[PDB]
Amino acid sequence: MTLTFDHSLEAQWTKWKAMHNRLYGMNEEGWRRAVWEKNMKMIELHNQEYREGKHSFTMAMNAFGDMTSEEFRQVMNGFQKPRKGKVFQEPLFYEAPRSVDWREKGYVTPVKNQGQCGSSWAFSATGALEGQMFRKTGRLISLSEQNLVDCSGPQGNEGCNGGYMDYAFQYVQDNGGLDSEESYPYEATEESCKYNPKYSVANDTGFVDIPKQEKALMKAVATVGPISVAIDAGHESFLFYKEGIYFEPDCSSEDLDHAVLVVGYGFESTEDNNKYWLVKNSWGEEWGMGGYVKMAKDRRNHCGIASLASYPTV
C-alpha cells in the first residue's frame, strides 16, 4: 500500500529516480520514497527557516535523497595517529591576502565524484598533489584516486572503507609515482593494484602537517596552494547543502568524517561574522555550489576544518 505519501511530489519523485538511475528491488520503492519525502520536508523546513533569517545557507535535494543513514555511513568514514610530516614553517614578516582562490590561477581540476565509496581521503590527496605539481611545473593533470584506493593499503589505507591523506602522500613517495586519472580511471570500488610507471605523472618528496589552528591554515592556503583537510560532514545540513556559508551548530571540531580540499578563503560581507573557507568537495557538481562549499572560517575551528590539515611536497 501507498505509505502516506505526498501526492503533489509524485512527478518530482518519478523524475528524481530517473535522473539518478534508481532501479529499486522488490518492495523497495515505497520505503525509499518515504526516505526521500522526509528529506524533502527537512530541506523545505530549513529553507523556510533561512527565509526567516535563522541560517546562513540553503539546502537542496540531490543524489543522496533516498539514502539511509546507514548507507550514508558507508560513504563517510571517520578520521583519527602520529603526526609524521615535516614541520610547517610559519611565513615570517608576512600578512596573507584578505581573499585567496587558487582556482583562478589554474591550480584546481574540475570537481569529481567519489560515488558510493568511502574514498574522499583519496580525492583530498589528489587535489593537493594536483595543486603542488602545478605550482612546480605549471602543468595541471588530474591524478588517479583509483590508484590510491587500490594500491595504498600497505601505507594504512582501507580503500572504500577509508584512509588518510598523509598515507596517500606516503604511498606516492614509496611508489615513486602516481598515474594520471586518464590512465587509471575511477571505479568507485576497491580493485587489485594496477599502477603502471609508464603512466606516472606525479611524485612527491613527503608531506607537511599544518598545526591545528585556523590562522596557520590560512597562512598555508595563502602561500602553498590547495590544502587537504578533514571535517565533520556527518549532518544532513551538509549532505544537502546548496549555497551560502555553511554553519552547523552541532558541528564538532573533532569527530571528523570527510576529507575535502581547501582552495581558498574570503569574506562574504566585511571583516568576524562572515568569513569563509572555499572548499572543493568530491560529491560532483550537482552538490553545493558547483561542487564547492563555503565553510565558516575563524569561528572556533568550525567542523574541525583546521584539525587535520596537510599537503605534499613535490
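How each quantity is defined
Residues numbered from 1 in each chain as written, not as in the entry; some residues may be left out. Heavy atoms only, no water. Residues with missing side-chain atoms left out of burial classes, pairs and counts. Disulfide = S-S within 2.5 Å. UniProt positions renumbered as here; feature names shortened; annotations may be inferred. Helix = DSSP H or I, 4+ residues; strand = E, 2+ residues; numbered from the N terminus. Buried < 20%, exposed > 50% of the residue type's maximum accessible area, 1.4 Å probe, protein only. Axes fitted to C-alpha atoms, helices over the stretch in contact; angles between N-to-C directions. Parallel < 35°, antiparallel > 145°, perpendicular 65-115°, else oblique. Left-handed = near helix turned anticlockwise from the far one by under 90°. Contact = heavy atoms within 4.5 Å. Pairing = 2+ DSSP bridges. Core = buried A, V, L, I, M, F, W, Y, C linked by side-chain atoms within 4.5 Å. Polar contact = N/O pair within 3.5 Å; in protein donor to acceptor, adjacent residues only side chain to side chain.

Header annotation of the entry names X-ray crystallography as the structure determination method and lists the resolution as 1.4570 Å.

Trainee: Please clarify how the UniProt feature "disulfide bond" in the protein should be interpreted in this entry.
Mentor: Per UniProt, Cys151 and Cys193 form a disulfide, and the coordinates bear that out, putting the sulfurs 2.0 Å apart. Here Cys151, found in helix 5 (residues 145-151), pairs with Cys193, found in the loop between strand 4 (178-179) and strand 5 (200-202); they are 42 residues apart in sequence, far enough to count as distant. Regarding the annotated cystine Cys251-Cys303, the two sulfur atoms come within 2.0 Å of each other, below 2.5 Å, so the disulfide is formed in this entry. Residue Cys303 is classed as buried on the basis of its relative accessible area of 1%.

Trainee: What am I meant to see in the packing of helix 4 (residues 120-137) against helix 6 (residues 165-175) here?
Mentor: The axes of two packed helices give the description: the angle between them and the distance between them. Packing of helix 4 against helix 6 brings their axes to within 8 Å, and their N-to-C directions diverge by 60 degrees. With respect to their mutual orientation, helix 4 and helix 6 come out oblique. Judged by the sense of rotation from one axis to the other, the crossing of helix 4 with helix 6 is right-handed. The residues of helix 6 that touch helix 4, namely those facing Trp121, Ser124, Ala125, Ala128 and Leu129, are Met165, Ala168, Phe169 and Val172.

Trainee: Please clarify how the pairing of strand 6 (residues 207-210) should be interpreted in this entry.
Mentor: When a strand is regular, its side chains alternate between the sheet's two faces. Burial of strand 6 is two-sided: the residues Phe207 and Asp209 facing one way and the residues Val208 and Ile210 facing the other way are all buried. Sheet topology note: the strand 2 (residues 86-87)/strand 6 ladder contains 2 bridges and is parallel. Bridge assignment links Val87 to a residue of strand 6, and that residue is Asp209. Direction of pairing for strand 6 relative to strand 12 (residues 309-312): antiparallel, over a ladder of 4 bridges. Its bridge partner being in strand 12, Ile210 is matched across the sheet by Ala309.

Trainee: I'm lost on the nonpolar core in this one. Help?
Mentor: The nonpolar side chains of a soluble globular protein tend to be buried with one another. Core analysis: the largest hydrophobic core is formed by 87 residues, its most contacted members being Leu217 and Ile227. Sequence-distant contacts of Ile227, defined by excluding residues within four places in its chain, comprise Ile210, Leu217, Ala220, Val221, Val260, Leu261, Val262, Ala309, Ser310 and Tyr311.

Trainee: How do you make sense of the side chain of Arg32 when you look at a structure like this?
Mentor: Relative to the helices and strands, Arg32 resides in helix 2 (residues 29-51). Among the polar contacts made by the side chain of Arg32, one reaches the main-chain carbonyl oxygen of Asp66 at a distance of 2.9 Å. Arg32 has contacts with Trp13, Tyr24, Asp66, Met67, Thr68 and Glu71, leaving out every residue within four places of it along the chain.

Trainee: Looking at this model, I keep getting lost on the state of the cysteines. Mind explaining?
Mentor: Two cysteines whose sulfur atoms are joined by a covalent bond form what is called a disulfide. Enumeration over the complete set of coordinates arrives at 3 disulfides. There is a disulfide in this structure between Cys117 and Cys160, and the S-S distance comes to 2.0 Å. Residues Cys117 and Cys160 are joined by a disulfide whose S-S torsion is about -85 degrees; by sign, that bridge is left-handed. Here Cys117 is found in the loop between strand 3 (100-101) and helix 4, whereas its partner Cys160 is found in the loop between helix 5 and helix 6, with 43 residues between them in sequence. With respect to class, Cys117 is no different from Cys160; both count as buried. Note that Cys251 is cross-linked by a disulfide to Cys303, the S-S spacing being 2.0 Å. Across the S-S bond of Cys251 and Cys303 the torsion is about 100 degrees, and the bridge reads as right-handed. The exposure class assigned to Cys251 is buried, which follows from its relative accessible area of 15%. Taken in sequence order, the bonded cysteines of the protein link in the pattern 1-3, 2-4, 5-6.

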